[PDB]
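Report on one structure; see the data block that follows.
Residue numbers (my numbering), protein chains in the order written: chain A, 1 to 355; chain B, 356 to 710.
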């Protein structure tokens with residue numbers, strides 16, 4: 001156990017300070033450092049001096065050790081394969097190293113459409129969401145929801161009382177929706193080709209149906225949402241916006257689109273929503289649900305699911321993530337014949353529930 | 356490029372939610388969950404029901420769905436090799452899996468000496484220390500120190516005005532010092548044998564010199580500290596407690612011991628301290644410095660050094676970490692003949708500076 005006695009200690013030390021890496025990376029997103037490196041052409045290598053000189057420096061005289069701070073941050077970022085670092089065959093310390101973007105880091109720089117996971121980070125580490133984590137110990141021992149134990153009101157009503165958070169929560173969701181939707185539309189899924197009338201549940205501004213009719217103009221589309229949201233709807237030909245409550249009735253259509261709404265509710269309201277869809281659908285039936293499937297047993301290949309599952313229980317404990325068996329049980333409880341997994345797109349699964 | 360694209364997207368998604376794992380590990384340590392699993396003998400494999408049935412509940416009865424929350428937390432912890440999970444050979448959901456401790460997790464359970472890295476993790480993620488991370492962008496764009504931009508006073512004076520943080524910091528420092536001291540005193544380093552009188556700089560309560568004279572009774576020990584700290588010292592024969600300022604004078608001795616003092620100060624103050632210590636030593640002597648060496652390049656094998664360097668940067672930015680060349684330059688600036696690296700003990704390097 002000679003190798004264990006030091007490798008395990010090193011891993012424990014690296015785990016003790018685990019919160020430092022997400023704190024620095026967020027800063028490197030807010031400082032627009034990844035953008036400056038990528039604003040000089042492909043295969044770019046910029047020394048810390050150039051990055052510190054092209055920064056949006058409101059103060060003309062940034063302290064002379066700012067290029068040292070940037071170098072110390074970029075060294076940590078490069079140690080985790082987020083950036084590539086190389087030496088200079090040449091002088092100050094800033095002349096020694098050059099940094100460049102990894103394909104991992106290019107997901108945070110805005111893409112051609114202008115969307116990136118960057119704003120999804122700021123939503124996760126914002127103060128309002130972060131203050132919920134300190135009540136987890138109390139929540140486990142005494143029950144309840146971590147968010148309610150801090151702010152009293154349910155998380156579905158808080159954005160109506162906080163201006164600043166209502167912007168971050170709307171930007172992050174839009175960017176994350178667009179990133180997945182662009183690849184979904186470019187994917188090989190052909191389920192939309194046979195759809196005549198499609199109703200989107202919780203479509204917001206209608207971006208999803210916008211893309212749907214963008215590639216398939218023959219599909220007549222209605223965006224179903226709450227009356228509180230429809231007042232922000234952007235008019236667009238073909239699209240029709242319908243306001244109402246999901247749990248009471250759903251507008252009739254030949255197919256139902258829904259993206260990540262089953263994991264925002266409990267195991268009882270989901271049955272009611274599925275039965276409402278069952279009533280709305282005609283004799284022919286089809287539900288196209290984009291979801292995420294928990295593996296039955298822990299494994300190293302599923303980290304990205306679990307890290308987000310624990311995010312949901314400490315923000316709205318009514319909702320939770322489910323495995324394939326639970327989705328099948330809910331579907332057969334609603335009266336549907338069964339479900340089918342079509343394709344994996346951006347770590348999300350497209351599921352067809354057939355009547 | 357699909358193989359690269361999917362892997363990069365999955366890794367980016369895993370990186371976006373990177374704070375959830377350190378926020379859940381802290382709650383699982385504070386709840387004393389790792390202790391209950393290891394309080395049933397080696398090769399435990401205890402189900403979530405039993406773990407939820409032995410918690411030191413603050414009320415008569417915990418929430419009925421507490422075992423589900425504990426299971427969901429332990430699944431995430433087992434996905435990262437911190438815990439080992441195994442399916443039961445067949446009932447409730449909590450009956451499905453059994454969890455056991457990995458050698459990585461045994462550093463957080465209080466070992467034979469009653470010390471662990473749990474208090475260090477609690478210190479790192481405390482509110483007072485975590486509020487400094489949100490001013491990093493302002494510090495980079497405008498200079499200064501993140502801690503001073505939040506609390507005004509220097510971090511060396513704050514513990515005198517907050518009783519809770521003063522206790523937390525002391526407990527974490529005691530645990531971390533004790534672990535390293537116990538691991539070092541069992542090692543093969545024999546430099547203490549030739550020392551007649553040894554003076555420890557910043558010895559605190561004297562645990563270091565306590566162990567030194569515990570293994571080597573012939574060594575005469577002097578505990579040098581500030582006058583404000585010496586008052587709490589426990590009387591113990593063989594330890595002469597001397598209060599004073601490190602930057603003014605040092606008591607005479609044949610060897611000077613210091614653990615991580617150098618990285619807490621700027622380059623000028625370090626040179627001043629080394630020059631002051633140069634006067635106390637006789638014509639021949641030793642400086643035994645326990646330090647940590649930054650590699651010249653950001654290799655993937657040294658994360659735990661860069662993480663803690665960034666941690667030290669945004670708390671007392673007047674100090675920083677140094678590489679071997681910088682230590683050598685400081686030593687020859689103080690007038691010492693040279694330095695030697697003796698042994699690597701628990702990711703820390705023992706350095707002997709000879710006159």
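Ideal placement from N, C-alpha and C gives every residue a C-beta, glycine not left out.
According to the neighbour-count rule (16 or more other Cβ atoms, all chains shown, within 10 Å of its Cβ), is residue i buried or exposed?
i                     : result
residue 708 (chain B) : buried
residue 391 (chain B) : buried
residue 480 (chain B) : buried
residue 711 (chain B) : Outside the shown range of chain B, which is 356 to 710, sits residue 711 (chain B), and nothing can be said about it.
residue 672 (chain B) : buried
residue 470 (chain B) : buried
residue 666 (chain B) : buried
residue 175 (chain A) : buried
residue 639 (chain B) : exposed
residue 542 (chain B) : exposed
residue 356 (chain A) : The displayed coordinates of chain A run from 1 to 355. Any statement about residue 356 (chain A) would go beyond what the structure contains.
residue 259 (chain A) : buried
residue 473 (chain B) : buried
residue 658 (chain B) : buried
residue 495 (chain B) : buried
residue 580 (chain B) : buried
residue 218 (chain A) : exposed
Just the chain B side, please: which residues come within less than 7 Å of residue i by C-beta, in chain order?
i                     : result
residue 203 (chain A) : Going along chain B, no residue has its Cβ under 7 Å from residue 203 (chain A), so there is no contact; the nearest lies around 23 Å.
residue 298 (chain A) : 430, 433, 434 and 440
residue 330 (chain A) : Those do not exist, as residue 330 (chain A) stays about 15 Å from chain B at its closest Cβ, beyond 7 Å.
Note down, in chain order, every chain B residue with its Cβ under 8 Å from the Cβ of residue i.
i                     : result
residue 103 (chain A) : 359 and 363
residue 30 (chain A)  : 492
List the residues of chain A whose Cβ lies closer than 8 Å to the Cβ of residue i, in chain order.
i                     : result
residue 462 (chain B) : 8, 9 and 12
residue 421 (chain B) : 140, 141 and 143
residue 382 (chain B) : 133, 136, 137 and 140
Taking residue i as the query, report the chain D residues whose CB atoms sit under 7 Å from its CB, ordered along the chain.
i                    : result
residue 22 (chain A) : In the structure shown, chain D does not exist; the protein chains are A and B.
Run through DSSP, which three-state label would residue i get?
i                     : result
residue 379 (chain B) : helix
residue 354 (chain A) : strand
residue 575 (chain B) : strand
residue 35 (chain A)  : helix
residue 86 (chain A)  : strand
residue 613 (chain B) : strand
residue 291 (chain A) : strand
residue 101 (chain A) : strand
residue 243 (chain A) : strand
residue 641 (chain B) : strand
residue 71 (chain A)  : helix
residue 626 (chain B) : helix
residue 490 (chain B) : helix
residue 248 (chain A) : coil
residue 2 (chain A)   : coil
residue 344 (chain A) : strand
residue 198 (chain A) : strand
residue 225 (chain A) : strand
residue 191 (chain A) : helix
residue 117 (chain A) : coil
residue 396 (chain B) : coil
At a CB-CB cut-off below 9 Å, which residues of chain A make contact with residue i?
i                     : result
residue 702 (chain B) : 6, 9, 10 and 13
residue 418 (chain B) : 139, 140, 141, 142, 143 and 144
residue 410 (chain B) : 140 and 141
So residue i contacts chain A; which residues on that side make the cut at Cβ distance below 7 Å?
i                     : result
residue 427 (chain B) : 309, 310 and 313
residue 424 (chain B) : 140 and 313
residue 413 (chain B) : 141 and 142
Could you tell me whether the segment 364-379 of chain B touches the segment 17-31 of chain A, where touching means 3 or more Cβ pairs closer than 8 Å? yes
Would the segment 638-651 of chain B count as touching the segment 591-606 of chain B if we require 3 or more Cβ pairs under 8 Å? no
Contact between the segment 458-466 of chain B and the segment 386-400 of chain B is defined here as three or more beta-carbon pairs at a separation below 8 Å; is this criterion met? yes
Report the residues of the segment 302-315 of chain A with a CB closer than 9 Å to any CB of chain B, ordered along the chain. 302, 303, 304, 305, 306, 307, 308, 309, 310, 311, 313 and 314
Touch test, the segment 579-589 of chain B against the segment 551-565 of chain B, Cβ-Cβ under 8 Å, three pairs minimum: yes
Of all the residues that make up the segment 257-283 of chain A, which are near chain B by a beta-carbon distance shorter than 7 Å? none
For the segment 32-46 of chain A, list every residue whose C-beta sits within 8 Å of some C-beta in chain B, in sequence order. none
Going along the chain, which residues of the segment 118-132 of chain A sit with their C-beta nearer than 7 Å to a C-beta in chain B? 120, 121, 124 and 125
Segment contact, 8 Å Cβ cut-off, at least three pairs: the segment 685-696 of chain B with the segment 522-539 of chain B: no
State whether the segment 129-148 of chain A contacts the segment 186-196 of chain A, with contact taken as three or more CB pairs (one from each stretch) at a distance under 8 Å. no
Would you call the segment 359-371 of chain B and the segment 94-105 of chain A touching, i.e. three or more CB-CB distances under 8 Å? yes
Counting Cβ pairs, one atom from each stretch, are 3 or more of them under 8 Å apart for the segment 80-97 of chain A and the segment 144-157 of chain A? no
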